[PDB]
Amino acid sequence: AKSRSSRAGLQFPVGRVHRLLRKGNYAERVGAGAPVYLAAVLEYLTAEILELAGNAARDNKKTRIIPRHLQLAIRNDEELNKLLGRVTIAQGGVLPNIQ
Amino acid sequence: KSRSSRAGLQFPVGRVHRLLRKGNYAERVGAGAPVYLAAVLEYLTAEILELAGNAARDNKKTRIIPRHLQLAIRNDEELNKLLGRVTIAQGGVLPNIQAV
Amino acid sequence: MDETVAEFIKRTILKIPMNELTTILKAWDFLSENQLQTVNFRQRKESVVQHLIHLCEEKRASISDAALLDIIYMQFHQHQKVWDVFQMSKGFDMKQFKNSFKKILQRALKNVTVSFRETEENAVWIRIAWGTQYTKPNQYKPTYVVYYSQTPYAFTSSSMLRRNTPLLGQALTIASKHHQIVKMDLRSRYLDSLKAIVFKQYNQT
Amino acid sequence: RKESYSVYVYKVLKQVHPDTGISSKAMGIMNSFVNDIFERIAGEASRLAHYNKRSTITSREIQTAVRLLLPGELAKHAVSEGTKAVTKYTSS
Amino acid sequence: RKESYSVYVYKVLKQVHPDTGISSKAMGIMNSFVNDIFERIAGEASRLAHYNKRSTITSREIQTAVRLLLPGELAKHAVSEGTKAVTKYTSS
Amino acid sequence: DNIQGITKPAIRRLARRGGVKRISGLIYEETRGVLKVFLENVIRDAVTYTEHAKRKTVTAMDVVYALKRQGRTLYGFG
Amino acid sequence: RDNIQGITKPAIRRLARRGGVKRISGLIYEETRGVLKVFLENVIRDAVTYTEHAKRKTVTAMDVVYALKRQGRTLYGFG
Amino acid sequence: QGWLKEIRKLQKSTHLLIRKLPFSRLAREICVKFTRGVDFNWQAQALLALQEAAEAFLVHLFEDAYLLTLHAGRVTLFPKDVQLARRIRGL
DNA sequence: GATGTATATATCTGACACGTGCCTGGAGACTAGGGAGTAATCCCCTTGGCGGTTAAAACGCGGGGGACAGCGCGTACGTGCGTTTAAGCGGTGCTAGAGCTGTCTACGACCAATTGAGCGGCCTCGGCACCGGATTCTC
DNA sequence: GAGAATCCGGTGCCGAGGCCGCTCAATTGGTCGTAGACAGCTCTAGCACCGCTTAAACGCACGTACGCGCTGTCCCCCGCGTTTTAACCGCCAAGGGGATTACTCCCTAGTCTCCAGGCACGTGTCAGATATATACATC
């Protein structure tokens, strides 16, 4: 009768993350406040990378996100390049890099 | 009657089974797995210590010191790929000299 | 977000009286009721709307949600405007009608703004913001169409901006499953008299 | 019967952008993004339930896992946003 | 009260060598060796209890984890020795 | 053959993507060599999973998991 | 007052002789003092976190071993 | 010139630089040599996955190994450069 | 041929291999209930092949572009040597801090009903990919 | 100072987003065992410091072994034009096995109970460390 994400003020789910964190066998006891925090962290990460992707999408006069835009939005930003270092995005290509 | 001596091993079996119960790895642990695991660990331990003891013998010393394990790991080919991201305390290096 | 829709939402809520502003914001269904509980409803109106915009600064905004707020504002102030009555002839789900009308209108001119809202007796309230092929659509002079699925009748709001009246008429006739559109003498202020003068004739043809 | 994370990424994209569409292939990338970060953090925080000889995963362990698994400014923004979510979760 | 693996490494060394002593520091290395390989294999085989949607760890999963975590000839000798241990464990 | 499908202009385009201005001639052997010593370490690390779940079919998730264990995490194809 | 010059002009020379370098150049003495410093941050910031979590003001050896294991450069000999 | 246009062109598009069926026949030939006798089915997406990984790996290898030819004053790659670039990492 | 370069032993020094006491974690026993292994099935995804085209690869050729080898000036680096400074031993104090032993309580597993949020199938229509056309740029 | 690079427009096409049916998994709610926060006490091991002392760094003067720019030579990839060729598209058949369900059964988990093994402690005593002194290897 009342949603968990609506109490959380978020958009990613909470019950699904809690279900995976019980069924994944990560610990034998799961605290209640944990997956709300974890879903908020995941929401902020996806929001950051899509917020960086959409600007490059409008830069190429497009409105439909292709993987090249995600490749550029990962590789141009410094801290996401620190995070997603050993990841080859599929259908991605490389940066324009000469000499 | 102990499960170490029943399978003819030297590494313990009850301790490995205790660490597989309380290790949060799966909900149920079989009985045929930890004897296999202790056998593999015993084989790897013997594989290291044979080369370590031979390198200690060739340096005319009756005691094993970490420089000898360093030489035995870095001279073997298989353990060079198994332990390729390993630093060893009191290690030293190989005697590497190269010219132009 | 852009810094244009905030002035529109602020001006729209400044037009709302304090007698039913909580009714408007509960019926609009866009903010959390805890944030309704946070806002003081006892100070003057020149800061309540500032606090409500500052709520809407953070979470979500669009032009579509502001347009739907404008629709709900217009649905409770029918005494202000003066209406016009149309009818189609020469010839059903409403989703295909919404898609067909949108497309058509967006193929007619470059910049338009269309907004729908579902109301009972199969009613649909259609807000249209006209524009040109070089300018932004003027939000402050809308055009409202009350359309019914069963009856071929449609109630039409007047506006300052004419010259798009036969374009809207032909686009809504092609957007519906019809070929003819008329323009009767019926131009009055209250919707219930037009409702009666249509439905006494239509239910008892 | 085989779930995914497409709908939620679509809702976040329609939140922080008005009408920017996303293709059905790149959305798949987002699945393999956020079935991956959840594998790291909620994996690695499990390790911190083992070094301190505990059995629970509270918010504090996830907070330290976010402090570890992310570089500086992104980690600061994430830890500032997560407790902001938790505090408005507690007073329900 | 804080256990280790010194006694067993000492027994294996006195088995495969007559009188070769081992110092109290290098033995510590052996602890951090074999509290590490056990972290890999019995960690990684747990992952193969999750991709196939199971809940047990039998001998077959540990066998495949040894096939993965070791290079060729050493893995062949290890898988040849482990089943040799298991078969004389079964007929107890 | 079954190795000469990776022709000279294929490796040439693989180099010209990488920013290489001028290419020598012996590269066209060693690259093929290193290509083989890559793919082997992806194949058997895949197919062991295929031999675990007793099926004769290598799924895409098996190759993604082999590259996961190898070090180079692949996205998208999950 | 120098605070990084405890790394001396010949201690870098001893590390280069262990590495097997015949003849060091000049400004290496100003370069290596950078690099080491950066590496220590990516241990100590990664090792002050674990000891912050267990409510301990003492930075034990196991914490540095865990931080070095998490970086990727596994250390064995201590514990 | 010519190459200055080709570097600008190939770094823009995101195609597959290797043809499908020779790469598929090579992958099947390697898969036959392990655990012989039986064949092995391949899903049509898995070969595309392995091809994308191999192309990204080889492009990253050449782009990493090129920096040891500007460093020596040269312009041109050599197999010494590629073998040294693999020697640095530890692969 | 004097300077290393390996070896004999001096002894002295402490780690270490070993012996004992002992606490507690591993073995024996057995029930029980979910995990799964085997059996059948049916479709669905893959494999094999015919055929025709069309980009794409292979091959000669010549020409400039670049790698390589020698070389002279010189300067930045190794080395020898007196000083002076900071690092180690080691010894004292001595107290903050790990840890660990009880407790009690909030808290999270555990479970029966129930319903809507999200997943599967479908259907456009606008976004986009490609093809052809009009406006700039360096040799 | 004109073929090549960039922007623009038109048209097919096809996948992206909206829509409906539905079902099963997430919600709500009440129960109980217990994991861990919290306090206080106890041993210990890390820090501060100081005197000495001495081993190494510091500073410098100098000789000279590479760093580097230059230049001559010779070979060797790249662009170009022609010929050849196999990759691909679309289709069509067919069939091997991947995914699903049933069903029994068996094998691991929990709890209790008993005691043999692995850990902490203590101690003589051999292995080597370093040190001096003396027989070989060498540019």
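A quick note on method: Cβ atoms are made from the backbone with ideal geometry, for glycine too, and the neighbour counts reach across all protein chains shown. We did not get these values from a lab; they are worked out from the coordinates using the rules stated.
Some notes on this structure:
- The amide H of residue E:22, built 1.01 Å from its N in the peptide plane, has B:64 as neighbours under 5 Å, considering only residues 5 or more places off or on other chains.
- With K and R counted +1 and D and E -1, the other residues having a Cβ less than 9 Å from that of residue A:94 yield a net charge of +1.
- For the protein assembly as shown, a simple Cβ point-charge model (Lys and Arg +1, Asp and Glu -1, everything else neutral) yields a dipole of about 920 debye relative to the Cα centre.
- One Cα centroid belongs to segment F:17-78, the other to segment C:65-80; the line between them spans 61 Å.
- Seen against the Cα atoms of chain D and their longest principal axis, helix D:6-16 is set at about 80 degrees.
- Percent of beta bridges antiparallel (DSSP, the protein assembly as shown, rounded to nearest 5): 65 percent
- Counting, for every residue in G:13-23, the Cβ atoms of other protein chains within 10 Å of its Cβ and taking the mean gives 1.
- For segment C:108-122, backbone phi angles converted through the Karplus equation (6.51, -1.76, 1.60; θ = phi - 60°) give residue-by-residue couplings of 6, 10, 6, 10, 10, 9, 10, 9, 10, 7, 8, 9, 5, 6, 6 Hz, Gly and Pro being listed as x.
- Cα centroid of segment C:148-174 to Cα centroid of segment A:16-79, whole Å: 45 Å
- For segment E:26-92, with +1 on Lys and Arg beta carbons and -1 on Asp and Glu, the positive-most of E:33, E:68, E:49 along the dipole: E:49
- The C-alpha atoms of chain A define a longest principal axis, and helix A:67-76 lies at about 90 degrees to it.
- Kirkwood Rh, Cα atoms: Rg over Rh of chain F: 1.08
- Shown for C:185, G:46: other C-beta atoms within 10 Å of each C-beta, ranked fewest to most, produce the order C:185, G:46.
- Helical contribution to [θ] at 222 nm, DSSP H n ≥ 4, -39,500 (n - 2.57), averaged over chain G, rounded to 500: -19000 deg cm²/dmol
- Only Cα sites of chain C enter the Debye sum here, all with the same form factor; the resulting log10 I(q)/I(0) across q = 0.12 1/Å is -0.69, listed in q order.
- In a simple Cβ point-charge model (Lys, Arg +1; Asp, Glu -1; nothing else charged), chain D has a dipole of about 240 debye relative to its Cα centre.
- Rounded if a/c under 1.5, otherwise prolate or oblate - segment H:15-90, Cα gyration tensor axes: prolate
- Max mean-square fluctuation residue, GNM over chain D, Cα-Cα springs under 10 Å, options D:34, D:16, D:66: D:16
- Fewest-first ordering of C:57, B:42 by other beta carbons within 10 Å of each residue's beta carbon gives C:57, B:42.
- In order along segment F:18-30, the phi-based Karplus estimate (6.51 cos²θ - 1.76 cosθ + 1.60, θ = phi - 60°) of 3J(HN,Hα) comes to x, x, 6, 6, 10, 10, 7, x, 7, 3, 4, 9, 5 Hz; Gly and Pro are listed as x.
- Where only C-alpha atoms are counted, convex hull volume of the protein assembly as shown per residue in Å³: 271 Å³
- The calculated 222 nm mean residue ellipticity attributable to helices in chain H amounts to -19000 deg cm²/dmol, summing -39500 (n - 2.57) over DSSP H runs of n ≥ 4 and dividing by all residues.
- Residue among H:32, H:54, H:21 farthest towards the positive dipole end of segment H:15-90, charges placed on Cβ: H:32
- Ranked by how many other Cβ atoms sit within 10 Å of their own Cβ, fewest first, the residues C:41, C:8 fall in the order C:41, C:8.
- Selection from B:54, B:80, B:44, by position along the positive dipole direction of segment B:1-98 (Cβ): B:44
- Assuming charge only on the beta carbon of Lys and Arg (+1) and of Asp and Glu (-1), the dipole of chain A about its Cα centre is about 560 debye to the nearest 20.
- Looking at segment E:21-92, the trypsin sites (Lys or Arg not before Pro) that sit in a DSSP loop and have at most 14 other Cβ atoms within 10 Å of their own Cβ are E:25, E:53.
- Projected-area mean, segment B:1-98, by convex hull of Cα positions, square nanometres: 9.1 nm²
- Mean residue ellipticity at 222 nm, helices only, chain B: -16000 deg cm²/dmol; runs of at least 4 DSSP H residues each add -39,500 (n - 2.57), and the sum is divided by the number of residues.
- Bridgeable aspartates and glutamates around residue C:81 (alpha carbons under 12 Å apart, same-chain partners fewer than 8 residues away excluded) are absent.
- Cα long-axis angle, helix H:20-32 against chain H (0 to 90 degrees, to the nearest 10): 60 degrees
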